[PDB]
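Scroll down for the structure; my scribbles are underneath it.
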Amino acid sequence: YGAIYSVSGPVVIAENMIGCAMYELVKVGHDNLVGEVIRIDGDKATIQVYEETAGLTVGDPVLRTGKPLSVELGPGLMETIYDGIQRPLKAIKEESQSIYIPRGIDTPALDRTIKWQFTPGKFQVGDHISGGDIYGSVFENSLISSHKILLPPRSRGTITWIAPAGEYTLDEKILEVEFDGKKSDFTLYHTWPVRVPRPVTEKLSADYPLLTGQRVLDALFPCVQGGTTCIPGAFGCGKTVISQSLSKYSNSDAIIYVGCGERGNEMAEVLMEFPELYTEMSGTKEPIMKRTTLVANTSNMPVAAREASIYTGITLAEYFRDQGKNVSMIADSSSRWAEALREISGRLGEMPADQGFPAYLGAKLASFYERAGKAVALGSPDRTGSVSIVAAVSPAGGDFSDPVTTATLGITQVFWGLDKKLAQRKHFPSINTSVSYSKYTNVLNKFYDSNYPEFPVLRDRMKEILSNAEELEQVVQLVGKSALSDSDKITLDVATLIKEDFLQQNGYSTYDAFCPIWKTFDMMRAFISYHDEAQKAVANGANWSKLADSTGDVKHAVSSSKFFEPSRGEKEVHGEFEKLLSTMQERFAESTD
Amino acid sequence: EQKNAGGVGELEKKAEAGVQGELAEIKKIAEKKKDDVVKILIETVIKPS
Amino acid sequence: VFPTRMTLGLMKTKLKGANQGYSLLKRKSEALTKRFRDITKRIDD
Amino acid sequence: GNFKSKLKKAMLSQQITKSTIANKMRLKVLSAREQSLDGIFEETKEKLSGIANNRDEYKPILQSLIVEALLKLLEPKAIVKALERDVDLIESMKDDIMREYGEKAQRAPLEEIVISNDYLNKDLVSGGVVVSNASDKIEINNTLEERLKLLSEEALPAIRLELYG
Amino acid sequence: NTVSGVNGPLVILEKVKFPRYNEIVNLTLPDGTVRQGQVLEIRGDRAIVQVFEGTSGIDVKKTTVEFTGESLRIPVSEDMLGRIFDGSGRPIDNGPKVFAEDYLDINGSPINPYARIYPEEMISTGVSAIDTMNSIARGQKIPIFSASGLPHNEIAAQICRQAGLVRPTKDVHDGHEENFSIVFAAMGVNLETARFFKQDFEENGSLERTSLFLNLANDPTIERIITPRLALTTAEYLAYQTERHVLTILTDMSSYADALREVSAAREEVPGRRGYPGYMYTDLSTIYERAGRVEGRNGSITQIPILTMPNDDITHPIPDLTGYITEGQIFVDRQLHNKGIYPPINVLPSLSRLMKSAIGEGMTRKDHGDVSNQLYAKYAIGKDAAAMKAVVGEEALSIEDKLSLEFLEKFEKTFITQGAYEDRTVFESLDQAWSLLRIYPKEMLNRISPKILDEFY
Amino acid sequence: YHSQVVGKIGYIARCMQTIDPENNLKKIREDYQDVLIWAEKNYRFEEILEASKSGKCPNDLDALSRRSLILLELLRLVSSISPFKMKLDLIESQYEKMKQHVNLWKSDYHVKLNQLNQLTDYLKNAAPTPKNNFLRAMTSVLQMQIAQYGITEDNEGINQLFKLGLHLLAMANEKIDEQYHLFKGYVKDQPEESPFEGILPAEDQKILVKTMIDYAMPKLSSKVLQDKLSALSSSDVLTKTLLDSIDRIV
């Protein structure tokens, strides 16, 4: 064991180290504080401890763990709240009587006091086994298995002992593998380092559609299962409704919410709001909490859980994606991780970079976005999995030209910006073609257009009218309404209702939170049909104010058809949107004559 | 579309029939003069360099 | 969006051109404002 | 317009199959050439392993390899790690290795050679010695398998250009 | 001896000066695995090197070091194309050997590849604005400019998809009548973008004639920055040995510039202004030093790097530092991509000083230089009148501003709109530029000679 | 690298031997004879890894993952049709048709197998409601029609039964009127006289007739209406004439 020579701030120096490394985590002091050896100077190694140094005496023993900081992979991840450092937050409420552990909290990462239902998979005695194969399953979902028991990576052999169906503990072993002699005993919990990526057979292109729960987001530029999305904006852009809509209205088998720099109130509101919401796929009691995994942090929490929150969430998302289920990762935000890396770079005494941020934010940000994505699941079964990483960003320097927003936005393939002018009107998010871009919308429109889509023309026409609405509003604001024609006024009138109804996606009730493709395609088709009918009635003889004031509640009923849940019509297309086309077609004939 | 249901099995017939004679002369030519390069490599390995 | 090094040189010439255009528009608005009432009195008589 | 996309998909599938066969043929040829070069280099290590089992002719090659490994260290005390059957040959020639090393030394003569009791592996290393410093922190692979494997990287292009060129 | 310390990604080990500069070393760990590293700098009984694979796993006092005795060199041969390889050595389709017949350095010290004459062979990438406005040829160094927020990976996938079909269009023009090879080097790119870039070359039918070098973003910066020197050495060795035309696409330069900022954090050198070091011009000059025509008067190695602006301007150290070593660049506009255009390359911030030397006889015309200056003057007049037309209005604009405004809208939706698989010829691009330039009178055109303008009017 | 190819080679032979123990898949087993040859003999994992490293076995992880995904999709499609049994030539024709497609994770066979596997997985954990019995009978008739017609061909009854089961699976416990109207419309829209005859037991059809008899039973107070309605609660099969007679009385 080493001896602590000096402790100044969040960094501690311990001499007599012969087992220290650059990414290995160890425990310093008698309280078992969470820390890791970042660098070494001669015979002593400098260890940066994210925990509070108030109450740690100089001269205590330091024992290195001999491996990097990782998390436990097994049954018990869903329905439990933990931190980014792989610590149990549920045990702190019983033992310490607090939400977060302030200091001196030595608890296990995996729960070993509860029993789970262990059932056998598609393997038996005498069959070959490999790393990533489905060795078992646990009933922890609505109608399917959630926590699938898989073997560790970089291992193989034959299953000598297979446990039967029943309840067992995490500390008890029910699996035995024989490969070149007695290899080791297998249990429910497994170890995996968070500083190394999860193994896989091969990576594939993302070609599956994903529901984000937003009419303007899915209508403007929808994402795929396995893509990277960046969301800039000062003071957020509606990450609560977008995060809850991605878990509730999302079509993924697993949902992972990770908070690296949250205050704690939004994570408690989103965590408590998950048990009240019912699953729409024939779920059970606590359906959203059983298939959701939450990693809660604090503003004054440890830097090891904040920086390791994206690594543990990406490792848990890769472990859930390795079994064959679709996982969605909602991270908020990367600016707290970049500021935590800049605080570690400034406190450690390393050379800084431009814009006050460290030089490892580009490689760590590119490795964090590169660690997620869609690919083939590792193992003998060869299942299909996907990991959608959605990380929002904020302006740390006060502008959109910083290295944090440009570094995360440059490596990402999908973008969803936020306009301050549209955000000031109580509409979040607000971007049509100036802050939003996506390359998978062409392949993503093939399936939604394959079912019953009209979004392929209405998305380009709505993006063209939304992009031309700012250019018409600039000349209309600068010069006035005297140098513009009636077509630009009708296009600005349709862009005002399309921006008011499409940009507003906050929701004032339970029916204003889900946004299907049929409702957005019907509203965009009705707005495009009203915009084409206004141009045809203006070309056949008519006025713009007589067309908009002549329409009135015909467009007001289409704008007001977002405060009810879809339970009428065929499956999701109510008759109010179907009769709006006949009412607009009947009003278009009377508007001409 | 009929050329894709029979071409997926002809990849091994075309790859085995494409390179089938060079694999015998490539292994025969290496095993023929293997002692001449093995003696030069053994003589050069026994000297300090 | 915008540049991060040496970007004030375009804003200085844009502000000077906006000030010169505002001065010329103020002079033309003053001349038209005088000629409007100057014709309005004789039209009123 | 409904037929043209399926025709382009069929042409892309035929081109993907032809590219797969055209990659499999070159992969099989590269695997054959690498198997032939690995067979010749595997036979050379078996010939050197068979020639290394002689304690009469292997003494000057082991003393010359110990002098060559000692010539690249420049330390006053050298620790030689060899096999159990090679410690007696270095023990019966440490004075001639120190005199021959001091006769062609560029810094200074060797003070003394300490024969370590730790032996090398015998599973993939047949014969040779391992030169190390006094602190046991820098090791120079002076074995026949490591010397043949290090010389195979520079002898592989000359034999490959003459055998497959 | 052992590892003395570690500062950031690089580790500082105390050893002897027996190893040469840039010599490969092997770090022996007690975990049962050996790692390779490159000596970044030598010192007085001290060495600063970075590990090729991983950053954690080494010991402190129980570590062991060993010298390989050979410098960093990649074996280049004529069978490297068609197969899939990696930058650091991850074999997924490769075997034990790389099929290398000769040993060449990764810096080009004894080679010195550079052209001693102007390029005569015209090369086209399938763009009317890039080929007509730029006039690039074999042996030219012109990088592609990108932005942060726009689809730079889609423009790089379109430029990579256009590579391979330029040989049949260039063969009809009489500018290229030899073999064509593509050298693909990836560093810090995503797996989906590399799979789409490989799927574009596989769909175009250039997978057998193109080589793929894959580098991950979670790996060290020494392997990603070392992969373009090995790819340029393999393309220069294949292009110089057979007298063939090799086109090298290096994406992305921002990953190499960001990886170069992490290095030099434990050595005697330090970074300069804006986080990038002051010696980055020599690092970019080492990769750009192996570009140009090969020695022999037959064949050449062209370089077309893809760089993305992180701040959306040319004042940054990455595009400003890389643009100084070249002789121009192509500016991609996000405003044309927002309204809908492929590719959204602009002609205002684009100029090349090798357009006159690239255009010759029998493969080009003489009026392309005057038509490019007339189209750049009309596009600059329309873009200049478009910004002033919003403030004052259409009441103070003359017919000359309306002609440039109509010519900017007519040429903006015609020349900038093109396919991703069809390659337009230079004669069709000049004929299409003459139709867009034929909207004004003959007396209102002064960017060309009257003898050549009267004949081609 | 070699351990994943050895595990996929052993899992391909173990899945091929566990797929059919009669050796009737000679067409699909003909292309996989090189992987079943190493599984049918005493060969260690070190001999398979050394044989794969020496160019004596397959070493493509992408081709082995694609063939293992196609064999896992065929084994999951054959296992999802339980307790029915498909044709022997239909499995080889479906495996040959699936092998001729470039896409194997976003095709209609994977969406139909996942859609039938969602109703089959939800059928083992459903609560005591009529939507589980109607979805169980429609999943049994859709399983018999899927076993009779295969998964590569198109059918209107499989799409209507999959759309009715998918729409009934997303419904809650407060939509018994929509599930009863959808079951009455689906039973009235069938051209066959009995859609549950010869597929399910007599107690399942008697519970389905007792569900409509119990639903239409608490709507009359007359002796003639309850006496005529009570006579239809003794039939062991459901037909359109019983639904027309029950709709005529109500």
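Scheme for the structure tokens: letters A, B, ... for chains in order shown; per-chain residue numbers from 1; ligand numbers from 1 in order shown.
Proximity to region 145-152 of chain A at 7 Å, evaluated using only C-alpha atoms and with sequence-adjacent residues fewer than 3 positions away removed, yields residues 74, 75, 130, 131, 132, 133, 134, 135, 136, 137, 138, 139, 140, 141, 155, 291 and 323 of chain A.
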Handout entry: Test item: residues at most 8 Å from residue 139 (chain F), only C-alpha atoms, excluding those fewer than 6 positions along its chain, as a ChimeraX atom specification
Key = /F:116,119-120,161,165
Take the residues from that selection and put them in a file with C-alpha atoms, as a PDB file, in the first residue's frame.
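Generated file (selection.pdb):
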ATOM      1  CA  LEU F 116     -45.925 -12.951 -34.776  1.00  0.00           C
ATOM      2  CA  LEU F 119     -48.289 -11.722 -30.179  1.00  0.00           C
ATOM      3  CA  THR F 120     -46.963 -15.189 -29.333  1.00  0.00           C
ATOM      4  CA  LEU F 161     -54.876 -11.007 -38.824  1.00  0.00           C
ATOM      5  CA  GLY F 165     -53.620  -8.684 -33.558  1.00  0.00           C
TER       6      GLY F 165
END
Handout entry: Contacts of residue 84 (chain D) at 10 Å (only C-alpha atoms; same-chain gap of 4+ positions) as a count of residues only
Key = 8
Problem - Point-to-point distance from CA of residue 32 (chain D) to CA of residue 38 (chain B), Å rounded to tenths - result: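 It comes out at 19.2 Å.
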Practice task
Pick out the residues sitting within 10 Å of residue 16 (chain B), and hand them over as a PyMOL selection string; count only C-alpha atoms, and ignore anything fewer than 3 positions along from it in its own chain.
Solution key: (chain B and resi 10-13+19-21) or (chain D and resi 21+24-25+28)
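If you measure from each of F:42, F:93, F:52, F:33 to chain D using only C-alpha atoms, the closest one turns out to be F:52.
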Completion exercise
What separates CA of residue 243 (chain A) and CA of residue 334 (chain A) is a distance of 15.1 Å
Based on only C-alpha atoms, which of the residues in chain E come within 10 Å of chain C? I want them as a CSV table (one decimal) with N, CA and C atoms, in the first residue's frame.
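What ended up in iface_15.csv:
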chain,number,residue,atom,x,y,z
E,147,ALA,N,-17.7,23.0,-43.3
E,147,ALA,CA,-18.1,23.8,-42.3
E,147,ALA,C,-18.7,22.9,-41.2
E,148,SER,N,-18.9,23.5,-40.0
E,148,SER,CA,-19.5,22.8,-38.8
E,148,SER,C,-21.0,23.2,-38.8
E,149,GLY,N,-21.8,22.2,-39.0
E,149,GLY,CA,-23.2,22.4,-39.0
E,149,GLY,C,-23.9,21.9,-40.3
E,310,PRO,N,-14.3,24.4,-38.2
E,310,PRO,CA,-15.0,24.3,-36.9
E,310,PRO,C,-15.7,25.5,-36.5
E,311,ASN,N,-15.3,26.7,-37.1
E,311,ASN,CA,-15.9,27.9,-36.7
E,311,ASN,C,-16.7,28.6,-37.9
E,312,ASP,N,-16.7,27.9,-39.0
E,312,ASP,CA,-17.4,28.4,-40.2
E,312,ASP,C,-16.7,29.6,-40.8
E,313,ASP,N,-15.4,29.6,-40.9
E,313,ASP,CA,-14.6,30.7,-41.5
E,313,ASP,C,-13.2,30.2,-41.7
E,314,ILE,N,-12.4,31.0,-42.4
E,314,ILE,CA,-11.0,30.7,-42.7
E,314,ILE,C,-10.0,31.3,-41.8
E,315,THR,N,-10.5,31.9,-40.7
E,315,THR,CA,-9.6,32.5,-39.7
E,315,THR,C,-9.1,31.5,-38.6
E,316,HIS,N,-9.5,30.3,-38.7
E,316,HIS,CA,-9.1,29.3,-37.7
E,316,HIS,C,-7.7,28.8,-38.0
E,317,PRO,N,-7.1,28.1,-37.1
E,317,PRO,CA,-5.7,27.6,-37.4
E,317,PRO,C,-5.7,26.3,-38.3
E,391,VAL,N,-31.8,45.6,-48.0
E,391,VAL,CA,-31.8,46.8,-47.1
E,391,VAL,C,-32.6,47.9,-47.7
E,392,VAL,N,-32.1,48.4,-48.9
E,392,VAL,CA,-32.8,49.5,-49.6
E,392,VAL,C,-34.1,49.1,-50.2
Per residue of region 122-228 of chain A within 12 Å of region 522-538 of chain A, note the shortest atom pair and the distance in Å to one decimal, counting only C-alpha atoms, and order the rows by chain and increasing residue number, as a Markdown table.
| residue | atom | partner | partner_atom | distance |
| --- | --- | --- | --- | --- |
| A:215 | CA | A:523 | CA | 9.7 |
| A:216 | CA | A:524 | CA | 10.2 |
| A:219 | CA | A:524 | CA | 8.7 |
| A:220 | CA | A:524 | CA | 10.7 |
